[PDB]
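**Student:** Here's a structure for you.
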Amino acid sequence: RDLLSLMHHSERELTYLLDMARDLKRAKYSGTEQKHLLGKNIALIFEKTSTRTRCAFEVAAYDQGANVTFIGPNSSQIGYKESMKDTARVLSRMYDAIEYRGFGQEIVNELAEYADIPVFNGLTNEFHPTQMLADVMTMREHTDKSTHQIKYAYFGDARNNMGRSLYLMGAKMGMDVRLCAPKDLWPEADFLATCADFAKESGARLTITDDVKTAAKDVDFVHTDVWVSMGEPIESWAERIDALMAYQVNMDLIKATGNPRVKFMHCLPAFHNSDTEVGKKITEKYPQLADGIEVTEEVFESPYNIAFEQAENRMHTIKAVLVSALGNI
Amino acid sequence: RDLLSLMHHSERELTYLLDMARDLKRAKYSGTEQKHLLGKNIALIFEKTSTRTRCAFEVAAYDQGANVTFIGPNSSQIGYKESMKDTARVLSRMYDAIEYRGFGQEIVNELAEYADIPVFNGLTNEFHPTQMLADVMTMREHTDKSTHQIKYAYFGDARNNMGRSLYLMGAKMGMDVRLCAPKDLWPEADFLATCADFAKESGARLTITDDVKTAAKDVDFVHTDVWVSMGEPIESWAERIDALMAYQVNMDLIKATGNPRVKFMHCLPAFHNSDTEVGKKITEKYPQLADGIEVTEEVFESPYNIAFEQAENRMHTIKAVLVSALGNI
Amino acid sequence: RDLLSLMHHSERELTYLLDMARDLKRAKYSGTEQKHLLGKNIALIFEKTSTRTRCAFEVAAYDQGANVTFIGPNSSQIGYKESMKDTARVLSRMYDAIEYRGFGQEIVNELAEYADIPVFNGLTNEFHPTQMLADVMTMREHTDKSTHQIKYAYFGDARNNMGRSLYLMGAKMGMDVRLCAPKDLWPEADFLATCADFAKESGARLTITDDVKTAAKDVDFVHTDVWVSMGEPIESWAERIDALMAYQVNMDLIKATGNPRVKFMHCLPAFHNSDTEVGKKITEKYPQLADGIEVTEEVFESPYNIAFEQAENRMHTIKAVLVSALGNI
């Protein structure tokens, strides 16, 4: 969806944000962080509740000295008696920045050019460029080696936003990335060409297989995302589960890498057990899945797992965007 | 309703708030704004969701250094197990100010005299004195001429709160105001007398016609508010729409003024098109209204429209009240 | 429930918190309060809406310079697609402290030892140790005499958390406390033994009667809590009301003390009249209760009533915990 924003950015532009995030994170850890958004007011306007990326946004903003007004579906009826267009045009005159998550990519653009101020196009939850920056910043941080030397793979539905995004990102940064999925769940091959271009001029190793052991070779990072269809009733998942349970990240797929240093990453949320309400619903129809779907309780509750460090890095990545767009240096 | 608070204020008192709002707005624009509510905590307690006047309040408070606890219907069950009386008496000992919007004008008064602290009687959303101050401050700002010289008219249901309020305000400030409505939708004539008193001693031109071209004469400002009854089902609006569609603000009513400088104002929200969910519902029964009701898409999406500047002025007006009542000078 | 945390604390530990609360309260009143939580971010994660203890927490945090992210049932779907375990482990890397109210005592413990940061086990609403500290701090403040010399009684269902807690607290601090209830609504006598131990070595007068005039003797404080079962339908309360209406706090029970200085305390909320929605429901079945249940409108709207001062003291008690656990001195 919104990875035509991630396509117009150069390796050098993306590297500027990864450096700002790396330094902002270091400043907070060493208590050298100067507030550059002191006295700025920011509206956080969400169509759906999404407490992980809300928090990431609030904490970025508060560390940088800003105030926040969260407006959730709970607290608003935006689009009911008053246009979203009208409400934005009022808030754009009161707030120094506004952040719209949900609502579709179409109207956010409309109320953006009017705006006398920054209007972030789904900077939160969205399989955003910010998600790719967090992931690359996470991998860069853990291997302590040049970005272009980093080896990673995505396992599951290569057609979904994390897969397309992690591949396009690999192609932009000159990294060694492998999409590993069923051959009928591969990106539409014209997309696979736009990535093959960037990769020649940036020198990225692209490699889209359907064989696990191929892709899992000497990778520093194994990635997956939820591949069950939450849109469709649980009753009809059988066919889907059959296609992808090969591509589950289990302890065996970690070992298959024969790199005892390898790390697992996951943008979250992650079906890895039955603690959740939807877990129970799934596992009641599908008792094989008591122990996880795209990834197992074994791997998730193991030291290979750095998804929480990676969720943290969304906060430093969001902050680096907010400071870039409102801090004046 | 709450314009018996707007009646006890003198021209000189109202002018003090309009000056504080004008200067506070200038300070924010030139970055000379000193925080006078530093370390104050304010509770914002709302019966209904109302994101435009909530935001206006939050931003006023944050620019002045204050903290805010928003309590919406979402986040509270005030009046369920615990009296509103009890909850207020606890919060009045923790917060430096409380703001009650909704709940009826009756009880807010009760828990106010107990209060060791300021308790604002519907300072938000309410067709408040603050709404009149914003509107007068908006007109004063755009004509750059003495208040008493300003010419404006309200078109639609002269009996509703904006109409009564814009007339009483005109009478207090010595302005040239015209209410223009059907003769059966005119204020109860004892109210029209209390305004005719103030106008003699302040020198205001009052003038309540039912003829558009009369009222729209050489006015600097054309005002309307929503006149459809949201209380009643859409099926039964026909009679109402027939009575008032004359009084719609369309491009022709702007031209009818023969002042190419004239501005349109609207307290919002405004049915001007079908973007809203209630828009669709109305326009499905009433396809003539695809393009707006009290005012047209033509005027609303035109440079005559300064309703958004006017919504902004509610934030500077709210701030001027908050600073007057809590800042200690 | 969570008074096995209140059992491991010594008289000298509890006295340290009561002193910090007393001094923090004095600092705010005299404007000498230094911010020790400047730049700290705190997550406030609530399963149920609970606006009195939310506010107490927010105000404690803002007076001490902290920021807050409130997450209510309104604004979250914690436990739906994402484990509470997972969400906590992400937020624990962004926030300096987290506060979990509701969710059961079991899992809060789980996600606590992981936590690189303070995780308060139901510091809000919970019949918490913080509730006991507020109550003791309230009584200490009003008698201006040594804690161990203070005389108080609880009237109603001695088996419920306030009763057990006010008794255990009395036993820890060496105070003169009386539980006064029906003999079949007395704590399980093994609990009554653990309290009788502490009381010997601290020198507390314990005394559990069923005779009002005995317990109400020369007490400085009369306490009660709601004893109707909100879990069960109103239709079936008759038997319960019959057992306890003896133990109602009415003007007569105040006089029965023959101390014209005596004060009434109540952790709130308090059924004292029909203003509430649940009031009406109760009083429609039970018209005798128009004027209150555990306590009367006569006492509640009288100067004997200091429940609001006591609710305030939850804010200074919460602050003393927050400053103890995050302020670094």
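Each answer follows from the model by the rule given with it, or from the source it names; nothing here is a laboratory result. Ideal geometry is used to build each Cβ from the backbone, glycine not excepted, and the neighbour counts take in all protein chains shown.
**Student:** In the range B:232-260, what residues are over 15 Å from B:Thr214 (Cα atoms) and either assigned to a helix (DSSP H, G or I) or touching a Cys at 6+ places or on another chain (Cβ under 9 Å) (or both)?
**Tutor:** B:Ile234, B:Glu235, B:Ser236, B:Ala238, B:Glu239, B:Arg240, B:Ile241, B:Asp242, B:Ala243, B:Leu244, B:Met245, B:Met251
**Student:** If I filter the range B:116-137 for residues that are free of Cβ contacts under 8 Å to residues at least 40 places away in the same chain, surrounded by fewer than 24 Cβ atoms within 10 Å (Cβ to Cβ), away from chain A (no Cβ under 13 Å) and in a loop (DSSP other than H, G, I, E, B), do I get at least one hit?
**Tutor:** Within the range B:116-137, one or more residues are free of Cβ contacts under 8 Å to residues at least 40 places away in the same chain, surrounded by fewer than 24 Cβ atoms within 10 Å (Cβ to Cβ), away from chain A (no Cβ under 13 Å) and in a loop (DSSP other than H, G, I, E, B).
**Student:** For the range A:261-275, enumerate the residues that are charged (D, E, K, R) and over 17 Å from the mean Cα position of the chain (by Cα).
**Tutor:** A:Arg261, A:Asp275
**Student:** Further question on the same structure: Can you tell me which of C:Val278, C:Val321, C:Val295 is more than 20 Å from C:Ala134 (Cβ to Cβ), more than 14 Å from the chain's Cα centre (by Cα) and of a type in the set (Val, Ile, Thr)?
**Tutor:** Of C:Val278, C:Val321, C:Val295, the one residue that is more than 20 Å from C:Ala134 (Cβ to Cβ), more than 14 Å from the chain's Cα centre (by Cα) and of a type in the set (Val, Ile, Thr) is C:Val278.
**Student:** Next question, about the same structure. Considering the range B:276-297 alone, what residues qualify as being surrounded by 19 or more Cβ atoms within 10 Å (Cβ to Cβ), more than 21 Å from B:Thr138 (Cα to Cα) and of a type outside the set (S, T, N, Q)?
**Tutor:** B:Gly279, B:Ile282, B:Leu289, B:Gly292, B:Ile293 - these are the residues of the range B:276-297 that are surrounded by 19 or more Cβ atoms within 10 Å (Cβ to Cβ), more than 21 Å from B:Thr138 (Cα to Cα) and of a type outside the set (S, T, N, Q).
**Student:** Then there's this: Can you find a residue in the range B:99-114 that is within 7 Å of chain C (Cβ to nearest Cβ), free of Cβ contacts under 8 Å to residues at least 24 places away in the same chain and either assigned to a loop (DSSP other than H, G, I, E, B) or over 30 Å from B:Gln310 (Cα atoms) (or both)?
**Tutor:** Checked against the condition, which is being within 7 Å of chain C (Cβ to nearest Cβ), free of Cβ contacts under 8 Å to residues at least 24 places away in the same chain and either assigned to a loop (DSSP other than H, G, I, E, B) or over 30 Å from B:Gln310 (Cα atoms) (or both), the range B:99-114 yields no hits at all.
**Student:** For the range C:219-231: of the residues being part of a loop (DSSP other than H, G, I, E, B) and in contact with a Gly (Cβ under 9 Å, 6 or more places away or on another chain), which is surrounded by the most Cβ atoms within 10 Å (Cβ to Cβ)?
**Tutor:** Applying the filter and picking the extreme gives C:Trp227.
**Student:** Identify the residue in the range B:198-230 that is of a type in the set (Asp, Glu) and touching a residue at least 24 places away in the same chain (Cβ under 8 Å) and, among all such residues, is farthest from B:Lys255 (Cα to Cα).
**Tutor:** B:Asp225
**Student:** Which condition number in (1) away from chain B (no Cβ under 14 Å); (2) farther than 22 Å from A:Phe57 by Cβ; (3) crowded, with 22+ Cβ neighbours inside 10 Å is the one that C:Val90 fails?
**Tutor:** Status for C:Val90: all satisfied but (2).
**Student:** Now for a separate question. Please go through the range B:250-275 and give me each residue that is surrounded by 19 or more Cβ atoms within 10 Å (Cβ to Cβ) and either outside the structural domain of B:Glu141 (by CATH) or more than 12 Å from B:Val226 (Cβ to Cβ) (or both), ordered by number.
**Tutor:** Of everything in the range B:250-275, those that are surrounded by 19 or more Cβ atoms within 10 Å (Cβ to Cβ) and either outside the structural domain of B:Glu141 (by CATH) or more than 12 Å from B:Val226 (Cβ to Cβ) (or both) turn out to be B:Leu253, B:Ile254, B:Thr257, B:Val262, B:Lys263, B:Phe264, B:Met265, B:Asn273, B:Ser274.
**Student:** Consider C:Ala246 carefully, then state whether it is more than 25 Å from the chain's Cα centre (by Cα) and among the small types (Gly, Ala, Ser).
**Tutor:** No, not satisfied.
**Student:** Now a separate question. So, A:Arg140, is that one charged (D, E, K, R) and touching a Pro at 6+ places or on another chain (Cβ under 6 Å) or not?
**Tutor:** So A:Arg140 does not fit the description; no.
**Student:** Right, next: Quick one: count up the residues across the range B:200-251 that are within 30 Å of B:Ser10 (Cα to Cα), of a type in the set (A, V, I, L, M) and touching a helix residue (DSSP H, G or I) at 6+ places or on another chain (Cβ under 8 Å).
**Tutor:** Summing the residues that are within 30 Å of B:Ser10 (Cα to Cα), of a type in the set (A, V, I, L, M) and touching a helix residue (DSSP H, G or I) at 6+ places or on another chain (Cβ under 8 Å) in the range B:200-251 gives 5.
**Student:** If you don't mind, there's one more thing I want to ask. Residues to consider are C:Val299, C:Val278; find the one that is under 18 Å from C:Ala238 (Cβ atoms) and assigned by CATH to the domain that holds C:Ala243.
**Tutor:** C:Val278
**Student:** Which number in (1) out of contact with any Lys or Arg (no Cβ under 6 Å at 6 or more places or on another chain); (2) more than 19 Å from C:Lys183 (Cβ to Cβ); (3) aliphatic (A, V, I, L, M); (4) surrounded by 20 or more Cβ atoms within 10 Å (Cβ to Cβ) marks the one condition that C:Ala216 misses?
**Tutor:** Against the list (1) out of contact with any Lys or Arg (no Cβ under 6 Å at 6 or more places or on another chain); (2) more than 19 Å from C:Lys183 (Cβ to Cβ); (3) aliphatic (A, V, I, L, M); (4) surrounded by 20 or more Cβ atoms within 10 Å (Cβ to Cβ), C:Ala216 comes up short only on (2).
**Student:** Kindly establish whether A:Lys35 is of a type in the set (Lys, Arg) and closer than 17 Å to A:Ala21 by Cα.
**Tutor:** yes
**Student:** Also, quick follow-up: If you check B:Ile78, B:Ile45, B:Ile71, which single one turns out to be out of contact with any helix residue (DSSP H, G or I) (no Cβ under 6 Å at 6 or more places or on another chain), of a type in the set (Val, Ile, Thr) and within 20 Å of C:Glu58 (Cα to Cα)?
**Tutor:** After applying the criteria, what remains is B:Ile45.
**Student:** Looking at the range A:298-325 only, could you name the residues that are among the acidic types (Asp, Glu) and surrounded by 15 or more Cβ atoms within 10 Å (Cβ to Cβ)?
**Tutor:** A:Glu298, A:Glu309, A:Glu312, listed by residue number.
**Student:** If you don't mind, there's one more thing I want to ask. Got a number for residues in the range C:138-162 being surrounded by 17 or more Cβ atoms within 10 Å (Cβ to Cβ) and either on the phi > 0 side of the Ramachandran plot or of a type in the set (A, V, I, L, M, F, W, C) (or both)?
**Tutor:** Number of matching residues: 7.
**Student:** Moving on. Residues to consider are B:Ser236, B:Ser229, B:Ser202; find the one that is of a type in the set (S, T, N, Q), in the same structural domain as B:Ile293 (by CATH) and more than 30 Å from B:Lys285 (Cβ to Cβ).
**Tutor:** B:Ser202
**Student:** Looking at (1) in contact with a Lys or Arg (Cβ under 7 Å, 6 or more places away or on another chain); (2) assigned to a strand (DSSP E or B), which is the only condition A:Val278 fails?
**Tutor:** All conditions pass for A:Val278, except number (2).
**Student:** The conditions are (1) over 24 Å from the mean Cα position of the chain (by Cα); (2) surrounded by fewer than 22 Cβ atoms within 10 Å (Cβ to Cβ); (3) aliphatic (A, V, I, L, M), and B:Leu37 fails exactly one of them. Which is it?
**Tutor:** Going through the list (1) over 24 Å from the mean Cα position of the chain (by Cα); (2) surrounded by fewer than 22 Cβ atoms within 10 Å (Cβ to Cβ); (3) aliphatic (A, V, I, L, M), B:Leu37 breaks only (2).
**Student:** Quick test for you: out of B:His272, B:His316, pick the one residue that is touching a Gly at 6+ places or on another chain (Cβ under 6 Å) and either within 14 Å of another protein chain (Cβ to nearest Cβ) or not in a helix (DSSP H, G or I) (or both).
**Tutor:** None of the other options fit; the residue is B:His272.
**Student:** Scan the range B:173-181 and give yes if some residue there is closer than 29 Å to B:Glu309 by Cα, within 14 Å of another protein chain (Cβ to nearest Cβ) and touching a residue at least 24 places away in the same chain (Cβ under 8 Å), otherwise no.
**Tutor:** No: zero hits.
**Student:** Let me ask something additional. Among the residues that make up the range C:141-158, is at least one of them within 20 Å of C:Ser50 (Cβ to Cβ) and touching a residue at least 40 places away in the same chain (Cβ under 8 Å)?
**Tutor:** Within the range C:141-158, none of the residues are within 20 Å of C:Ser50 (Cβ to Cβ) and touching a residue at least 40 places away in the same chain (Cβ under 8 Å).
**Student:** Filter the range A:195-243 down to the residues that are within 14 Å of chain C (Cβ to nearest Cβ) and either more than 20 Å from A:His272 (Cα to Cα) or among the β-branched types (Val, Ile, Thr) (or both), then identify the one that is nearest to the chain's Cα centre (by Cα).
**Tutor:** A:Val226
**Student:** Counting just the residues of the range A:31-73 that are basic (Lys, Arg) and assigned to a helix (DSSP H, G or I), which one comes out nearest to the other protein chains (Cβ to nearest Cβ)?
**Tutor:** Applying the filter and picking the extreme gives A:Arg52.
**Student:** Tell me which of these B:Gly327 doesn't satisfy, since it passes every other one: (1) away from chain A (no Cβ under 14 Å); (2) under 21 Å from A:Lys81 (Cα atoms).
**Tutor:** The one condition B:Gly327 does not meet is (2).
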